[PDB]
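Listed next as structure tokens: two forms of one protein chain, kept apart as structure 1 and structure 2.
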Structure 1
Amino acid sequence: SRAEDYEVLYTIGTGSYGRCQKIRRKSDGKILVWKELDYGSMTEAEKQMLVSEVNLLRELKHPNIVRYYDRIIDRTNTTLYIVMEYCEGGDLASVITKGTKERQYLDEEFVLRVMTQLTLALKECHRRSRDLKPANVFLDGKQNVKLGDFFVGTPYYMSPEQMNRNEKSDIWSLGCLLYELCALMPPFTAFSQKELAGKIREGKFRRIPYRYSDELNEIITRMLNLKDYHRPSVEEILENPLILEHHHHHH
């Protein structure tokens, strides 16, 4: 828990909340990442909210949730580093964008992996009481899938009930994510939120591509039911004949 315990290899990403960098723990050479945050302009109130969230971040331990490792305060530069698991396969948004640009659909086997492992990640969250967007879902080097923590944008995954302001709402969002993985587009698209909301209320969308099994289409379609109580629970999802041991995480 000193910055000197790690060596930065290079920057992975930049943007709103400082930099994300790939680092190496000196003690044992383990490859990790950290988020570099400048809290210099923060009030005591804001810094307080920051402390509480980092504390909860330490609470979640699960193979399908991105693991938190450490927090380092550098009062000299008013920077806080949050050290997390490195996921070499990157995020799901990059995977979809890649597929969209290259014109190549993802394997059914890969979609089943994401369905199985994200459903389990969700199952864990629901127990505790965290958006299920592709940019927040990561892949490691071993076919494992991990859920990360985290106005202009279009709310593609907004559920019907949320639209008119529920664990079943999470199932809808999972539905949209799995749909987009298969179709390389969200089930409901629009140019404005008003248009989007109209489509969501009608609850109609294209079947996922024919390369995908009727069984997989069926379960995704069920998650996209207008009525929250017709959507399958995490338990009912995991009971599906499609889902097998090899779709689960492996060390």
Structure 2
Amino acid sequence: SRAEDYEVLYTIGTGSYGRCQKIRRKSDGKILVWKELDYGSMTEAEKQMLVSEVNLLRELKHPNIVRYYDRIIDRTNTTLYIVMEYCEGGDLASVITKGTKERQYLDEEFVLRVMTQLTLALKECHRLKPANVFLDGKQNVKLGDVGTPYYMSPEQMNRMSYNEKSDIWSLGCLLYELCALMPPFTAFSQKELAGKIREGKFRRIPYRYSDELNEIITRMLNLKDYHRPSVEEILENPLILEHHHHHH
């Protein structure tokens, strides 16, 4: 309830809108994080949109989505603290960086676990970048939360639509990058990037990965959203087994 009930261990990152801090609850020593949002220049209405959003997020309870726990208002002042689950495994961006540095591609089994658990998280969301996807202590996957929009789908750069299938395209880019350690479409300019995305061509993921995994990732990257598989069709794939799901 009160910021004074927690000790800040350290800053994890200073992403958009403020900081991400690893904190500890004094009462029982529970490790959490909170996000710092400067309500400073908001409106009596802007604050209302924020409150609606925070209520919505308080609604969600899914093992593959970072869990909301509490909100805290400061009086010294102008700061809203959104208290959330801490994911001890870090983010996928760091996994990819490590694979690069070690010259070591990621296990297919790990990619299949990310595919399964992120697809389930999206399914729940339906009633995305590596730095927004976290791992817990068992390498379970948790969806959380100027730059090149590497994952922008074709229809959304033609302003056509933003639907479930656009999410599927983004998941395709993420899994592709997990496999290749590079996004499917790269470019120095955003116009060049747009051309590459529109063309829809990319290299096969490395040959150490199964044809079946390549096939599903490629299908998610289809130029036509109606040729991309739904979450249900993804989860029906024979590649996806019990042990790829979350386990406490």
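Rigid core: the largest C-alpha set superposing within 1.5 Å between the two forms. Here, a residue number simply tells you its place in the sequence of structure 1, counted from 1.
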Rigid-core-referenced C-alpha movement of 2 Å or more between structure 1 and structure 2, selected from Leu122, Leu80, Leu139, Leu178: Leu80
Once you line up the core, how about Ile23: does its CA shift reach 2 Å between structure 1 and structure 2? yes
For a quick test of reading the superposition: does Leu37 move by 2 Å or more at the CA between structure 1 and structure 2, rigid core aligned? yes
Is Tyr229 one of the residues whose Cα moves 2 Å or more between structure 1 and structure 2, with the core superposed? no
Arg207 CA shift between structure 1 and structure 2 in angstrom, with the core used for superposition: 0.2
Could you state, for a rigid core superposition, the Cα shift of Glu46 between structure 1 and structure 2 in Å? 4.0
How much does the C-alpha of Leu56 move between structure 1 and structure 2, in Å, given a rigid core overlay? 1.8
